[PDB]
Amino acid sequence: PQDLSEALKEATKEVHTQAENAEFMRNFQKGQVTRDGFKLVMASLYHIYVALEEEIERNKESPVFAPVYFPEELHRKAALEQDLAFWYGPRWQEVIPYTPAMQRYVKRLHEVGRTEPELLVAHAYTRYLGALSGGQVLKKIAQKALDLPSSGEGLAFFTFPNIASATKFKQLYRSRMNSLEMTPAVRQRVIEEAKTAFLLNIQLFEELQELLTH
């Protein structure tokens, strides 16, 4: 259209469906994910968000990213660390897995963070705006399914405590994106990188899936 925000939303409409329909994402929606599989995604989110957030601290002051810099509001690193300690034990840093589908995603994140920063925004957008436009169902089914004891831990990642209204924030973010300066080329690329994002995720589920069935 004419809004960076409306462009992406639409551009990734199809791939998003591809993401939803993943064999591992659908088994989840239908609430049939074992503690093992759930323990895999948490370990995936951790590696992705550390890379993501790390590259964000690199371009925090950069004009290409500064406008969407919201550390308190969004940063998930600490949230995932807390969760991962519950899921793997005080030794999670030592035990947790690091698969090749995780490695690609992390690798892409850094290439972008250093040679194509103007694109970092597409990933931030996908991760943060994604898990903010829909983190309720991910929690709703997470809760019921796993039915872990009354431990009160392991799912912090799903609660952005520093945002009262998701509605208003998602609105501030789109405003800030739409305010990002970028040449027609860069724009088409950023949109293209948002697709890249989804493919890294979709490719991730599939790899976590084959991993379960062993």
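All residue numbers are counted from 1 along the displayed sequence.
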Subject >> Entry-level comparison of average CA B-factors, 56-64 and 29-37, reporting the higher stretch >> reply: 29-37
Subject >> Of 137-145 and 91-99, the one with larger mean CA B-factor >> reply: 137-145
Original post:
Based on what the PDB entry reports, which of 151, 44, 165, 178 has the top C-alpha B-factor?
Top reply: 151
Original post:
What third of the chain, by the recorded C-alpha B-factor, contains residue 18?
Top reply: highest
**OP:** Please place residue 196 in the lowest, middle or highest third of its chain by C-alpha B factor as given in the entry.
**Re:** lowest
